[PDB]
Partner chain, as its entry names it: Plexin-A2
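Listed next as structure tokens is one chain, alone, in the form deposited without the partner chain.
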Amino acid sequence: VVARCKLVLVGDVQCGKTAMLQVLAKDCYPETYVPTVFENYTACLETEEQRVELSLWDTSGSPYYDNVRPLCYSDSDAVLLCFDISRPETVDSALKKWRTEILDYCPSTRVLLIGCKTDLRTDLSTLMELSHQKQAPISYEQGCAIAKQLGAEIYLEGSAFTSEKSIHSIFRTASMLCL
């Protein structure tokens, strides 16, 4: 049985949503930022004991689209709440805003927390730039703690830029959780 699964990604502008989808579905990384309006992707993968067909909905992180974004939440198997690990702020109150929008659509919808750009954890520009904000990249441990406080089923993370296998792994796990 080829199982079918609808996943929606949401999160702040530039947090890494499209980069993940392009890697997963097109084996393509976009080094230059092009803001998303809306896009759909299709990916097939094997998830443990199943072939799964993923229907993936890419949304804009911009508040300009707040009135129209919830329309893609219908009949979703999970919403992937994404954040940039290098920006303890796409996390901060913003993941609360994001979590509430998903709750306000339907409290029954499953939420997975996805950390993006994990390669920036050891990047020296990121480290210093954040240090004089008295901050540091989000660690794996912090990701898990955030997932708990946002009622996400799991924290998963990757790097679209340096590890395509980290991305395929996120979506394999996401699919098993929805099956």
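Numbering follows the first chain given and starts at 1. Rigid core here is just the name for the largest C-alpha set that superposes within 1.5 Å across the two forms.
Below: the form solved in complex with the partner chain, not depicted.
Not displayed here, the partner chain is kept clear of residue 98 by more than 4.5 Å at the level of heavy atoms in the bound PDB entry. Within this chain, residue 40 lines the site of the partner chain in the bound PDB entry, having a heavy atom no more than 4.5 Å away. At the 4.5 Å threshold, heavy atoms of residue 64 reach the partner chain in the bound PDB entry.
Although the partner is absent from this view, residue 94 stays clear of the partner chain in the bound PDB entry, with no non-hydrogen atom inside 4.5 angstroms. Checked against the partner chain in the bound PDB entry, the candidates 145, 136, 154, 68 yield a single residue with a heavy atom inside 4.5 Å, and that residue is 68. After superposing the rigid core, the C-alpha of residue 93 moves by 2 Å or more between the shown form and the other one.
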